[PDB]
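S.K.: Partial complex follows, first chain(s) only, in situ:
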Amino acid sequence: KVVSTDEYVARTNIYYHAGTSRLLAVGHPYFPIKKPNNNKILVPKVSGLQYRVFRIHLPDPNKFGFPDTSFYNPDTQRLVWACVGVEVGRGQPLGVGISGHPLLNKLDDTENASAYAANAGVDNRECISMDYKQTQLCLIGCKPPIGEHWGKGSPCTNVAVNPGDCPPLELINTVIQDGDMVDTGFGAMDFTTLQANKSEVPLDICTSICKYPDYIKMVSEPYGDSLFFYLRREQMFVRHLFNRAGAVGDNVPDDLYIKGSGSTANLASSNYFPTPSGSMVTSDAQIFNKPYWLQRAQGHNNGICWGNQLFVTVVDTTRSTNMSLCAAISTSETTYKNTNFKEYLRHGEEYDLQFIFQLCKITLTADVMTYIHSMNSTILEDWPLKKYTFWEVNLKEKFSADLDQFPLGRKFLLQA
Amino acid sequence: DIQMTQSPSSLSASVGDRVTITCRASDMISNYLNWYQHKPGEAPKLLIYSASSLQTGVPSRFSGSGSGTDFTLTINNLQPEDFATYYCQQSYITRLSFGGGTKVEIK
Amino acid sequence: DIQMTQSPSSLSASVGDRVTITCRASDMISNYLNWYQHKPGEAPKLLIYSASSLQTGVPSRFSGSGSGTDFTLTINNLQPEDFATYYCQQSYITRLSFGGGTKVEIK
Amino acid sequence: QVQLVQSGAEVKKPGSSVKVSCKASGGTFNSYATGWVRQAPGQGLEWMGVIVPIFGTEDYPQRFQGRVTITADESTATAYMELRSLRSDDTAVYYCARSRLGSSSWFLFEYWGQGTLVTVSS
C-alpha cells in the first residue's frame, strides 16, 4: 500500500530562493552544420519545436550550512527539499516559424480540380513549405518524462515477407531527452524507419522521431514521482489538401465505384494528406511568465525532490521566428547580381528559471525505513541516467534566505 | 466491352499502289485507336497510336485518320516489306480488344 | 550513373557527303543530350544542346534529333573543316558522362 | 537496347496450370504497364489481361476471369502469367507486351517478347 508523503514528512518554516541568470541557445533551425572532412559539429541544431528538458541539481541539505541547527536532531532526523513555487521566464518576441522540403512528395491539389491526371511521370516532387501546429506545455517532476510513439514491430515467422510490404506497427514508450522533436501535425511516429523515400515530411523531422507525452501512464504511476504539475495547450487546422505519388500498396475494392473510360480509365491516388496550420499567437493565451504555486499535487508525492534532483520539461512554439542573414562576397559592383550574396538562417532562444524551496525533515523509524527502502533503495544509501542527454542546471551555489530581494519571492510573500 | 470490325478481311495489291483499311467501333471511343503490324514468325509491331500519331522509326508512307466510331489506315507507295497482317486495337477502357485483321497479299 | 554508347567508332567520308552518328542511352533521359566537337591541339567546342537546338555561330549544315534512348547527329555537305572527333554528353543527372567518340577521316 | 526474353515451350495435360515468364535484359527498364496476348493456330490475336501497378489497375476479359493471373516483379523486372484449368483450346503462342515509364501513355506497347508455344494435349 502506498501512502501520501504528508504522513511521514514534516515541513518546517524555512524557505529559500533559487534561480538561473539567463540561458541562451543560437543555432540552425533545420540541420546541424558540420565540417566536410571531420564529424565534429560547428553549429548545433536549435529549433522552436524541440523538447527542452532541464535537469536541476540541488545542494544536499544534510551537508548544507545553516545558521541554525537546533530545529532538528541529526541522530534521528534527515532533511530534504520540497518545491513550492516555479516560474519559467521566457524572452524574445512572439513569432511564427515555417519549414518545408525542396523535394516533397506532392502529386496534385485535390481541394478543387477540373482535369484528370491520366499520365504518370518519373519524378513529381515539389518545393513545399508550411507552418506547424501551435503547442505549449510545461511538466515538473523529480524523474525524467515518458513519451510514446509508433514504431515497427516484430513480424510473425509463419510466412515470409516480400520487399515493399507494409511494416507492422506498435506503440513504444521511451524517455524524453533534450533536443527531441514534438508533434507537428503529422503524428507521433518514427519517420526514419516507417518512411523509405525520405520525401514525405519536412527536413527537420524527416529523419527524427516525434514523441507525445504519456499522460495516462504518468498519472497512473503508484508513487507519482514523474509528474507533480503540468500544463498543456495545443491547436491546429487544415490549410491544403493534396495527393501522394508512388505505387499503390492496397487496391480500392471493385464494389466501391463504377469504372470509367478515356481519361478516367485508371484511378488517381487515394493517399490524401492535409497541411497543418497553427492559427495565431496572442499575448492573452500565454502560459509562461506566470508563477505556479504547488499547493497540492494530484499523486501521492507532494513536491518532495528525492535525491536532490528536479526535472523541468518545456515546449513553446509561440516564439519561433527564424532570422535571415546575408553576406556580401564582393562589394565592387553597383548592379545587383544573385551570385554576389550568400544567405543563412539562424534561430536564437532565451530562458530563465526561478524556484522557491521549503526545508523538510523525516524521522527514520523502522517502519519508515522499510517503506522508503521498498520505495527506492538508493535514498537510504545516499544518506543510472548516464545514457541520456539533458540541459544541466547547477544551483548548488545559488540559494539565498533573503526572499524579498527577488521578483518571485515578493510574490510568494504577497500571496501569504 | 467494345467490339471492333475491320474491313476488308483480305486484299491483293501490287508494288506502288495505295491501300486503305477501314475500322469501325461499337461505341464512341474518341481517338483511342492503335494499329499493329504482324508478320509470320515475329512479334507484333506498333505503327500508329492515337489514330493520328506516327511511331518513331516508321516510314511516312503510313498514315491514319478518324474519330468517333470510324477510323482508317492508309499506305501509299506499297513496298515489298509492307505485306503483312494489320490489326486495330481500342484502348478506351482497360479491357482492351483487337480487330479481325486484314491480310495484304501480292497480286 | 548512365552509360552512353556511340556508333560508329570511326568512319571515312569525302567532301560533300552526308554523315550520321548514332548515340544510345542506358536509360530514358528525355532530350538532355549535347554534342561536342574536338580537334587536336584545341579545346572541345559545343555544337548542339538539348538534342535539337543549334548553338550560335554554328553552320546550319549540322543538325540533331532524337528523344528517349535514341539520338542522332547529321552533317550535310561535309567541308574540309568538319573532320574532327564528336562526343555525346548526357546532362539528365548532375553526374555527367561522355560517349566513346567518333573520328571522321578523309576517304 | 532492351530485349525481352521469354521461357521455353510447354507441354501440359488438361486440367493442369501453366506459368510463363518475361524478363527484361538490357539497361534499366522501370516498367509502366504489362499485358499478355495470344494467337491460336489459324486465328487472330486475343488480349488476355493487363496490369498497371501504378494507379493500381488489374483487369482481365470476362471470358478469362478466374483462370488468368498476371504479376510483375520490379526488383528483377520480370513478368509472370498464370493459367489455371487448361483446356485443349489453349494450345497457342503467347506474347508479352510491356510499356516503359516516361512515355506519353500507358498503352504504348513498344516492347514485345519472342513468344512461347504452349501445347495442351494427352
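M.R.: On my side now, so go ahead. Numbers count the residues shown, from 1 in each chain, chains lettered A, B, ... in the order given.

S.K.: In three-state terms, how would residue A:339 be classified?
M.R.: Per DSSP: H, G, I helix; E, B strand; the rest coil, the local secondary structure of residue A:339 is helix.

S.K.: Run a quick neighbour tally on it.
M.R.: Residues near residue A:339, counting by other Cβ atoms under 10 Å in any protein chain shown, number 7. For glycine as for every other residue, the C-beta is placed from the backbone atoms N, C-alpha and C.

S.K.: which one is it nearest to, not counting chain neighbours?
M.R.: Distances taken as Cβ to Cβ, 6 or more residues apart in numbering or on different chains put residue A:329 closest to residue A:339, at 7.8 Å, once the chain neighbours are dropped.

S.K.: Pull up the residues of chain A that are close to chain D.
M.R.: Residues of chain A lying close to chain D (Cβ under 8 Å from any Cβ of the partner chain) are A:119-122, A:163, A:246-248, A:250-252, A:266-268.

S.K.: Flag every residue of chain A that's near chain C.
M.R.: By Cβ under 8 Å from any Cβ, the residues of chain A that approach chain C are residue A:122.

S.K.: Need the residue closest to the centroid of chain A.
M.R.: Central residue of chain A (Cα atoms, centre = their mean): residue A:51, 2.5 Å from the mean position.

S.K.: mind listing what that one touches?
M.R.: If you count contacts by Cβ atoms under 8 Å, 6 or more residues apart in numbering or on different chains, residue A:51 has them with A:176, A:177, A:178, A:179, A:180, A:181, A:182, A:211, A:313, A:314, A:315.

S.K.: Just give me the neighbour total for residue A:340.
M.R.: 13.

S.K.: now for chain E:
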Amino acid sequence: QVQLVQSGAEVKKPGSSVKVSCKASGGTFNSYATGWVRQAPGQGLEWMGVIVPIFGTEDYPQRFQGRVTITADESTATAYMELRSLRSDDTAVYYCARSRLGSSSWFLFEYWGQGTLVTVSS
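M.R.: With chain E added, the chains above now look like this:
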C-alpha cells in the same frame, strides 16, 4: 570577349597532390556552373566533377570521390581543381569548362580553357 587562362604544366611524383587554376580575364563573367574534364594519351574525354554554387550543388563521379575537390572564387573569378594521391594513370591534359549566368541552362558549357598537362612519374 572573355578568355579563360589556365596555369602551366605540372610534373609530380606519385603520392603527391596537384592543384590547377582557371581564371576569367575579359569583361565581367558572373559564373554559373564550373566543371573539369581530362583526356589521357590515346583515350577520350572523362568528366571529373561539377559545382554549381547556386542551388548549392557539388558532385563528382564514383571513381573519383575522395580525391577530387573543385572550388570557385567569385571575387577574383577563379576556379581551382585539387587532386590527391596522384597515380601514374593521372598523366593527362585537363580542361576547365564554365557556364555564364543568364544562359538558358546550367549545362551550356560555352567557355573552355586551353588545357594543362600533368605528368606523374619518378
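
S.K.: so, the nearest residue to residue A:339 revisited with chain E in the model?
M.R.: Here the residue nearest residue A:339, using Cβ to Cβ, 6+ apart, is residue E:30, at 5.7 Å.

S.K.: wait, that neighbour sits on residue E:99?
M.R.: No - look at residue E:30 against residue E:99 with Cβ atoms under 8 Å: they stay out of range, at 10.5 Å.

S.K.: out of the two, which sits in the busier spot?
M.R.: residue E:99 (20 against 16).

S.K.: does that one count as helix, strand or coil?
M.R.: Relying on three-state DSSP, one would call residue E:99 strand.

S.K.: which ones are touching residue A:62?
M.R.: Residues near residue A:62 by Cβ under 8 Å, 6+ apart: A:74, A:78, A:79, A:383.

S.K.: for residue A:269, phi and psi?
M.R.: When quoted as degrees, to the nearest 10, the phi and psi of residue A:269 stand at phi -70, psi 140.

S.K.: My read is that it contacts residue A:244, right?
M.R.: Yes - in this structure, residue A:269 is within contact of residue A:244 by Cβ under 8 Å, at 5.7 Å.

S.K.: Which helix or which strand is home to the most centrally placed residue in chain D?
M.R.: Centroid-nearest residue in chain D, with Cα atoms, centre = their mean: residue D:36, separated by 3.3 Å. Assigned by DSSP states H and E, residue D:36 falls within strand D:31-39.

S.K.: near chain C at all, that strand?
M.R.: No - Strand D:31-39 is not in contact with chain C by Cβ under 8 Å from any Cβ; minimum separation 10.7 Å.

S.K.: Now do the shared contacts for residue A:269 and residue A:244.
M.R.: residue A:107.

S.K.: just to revisit the earlier point, show me what the strand holding residue D:36 pairs with in its sheet, parallel or antiparallel.
M.R.: strand D:45-52 (antiparallel), strand D:92-100 (antiparallel) (DSSP bridges).
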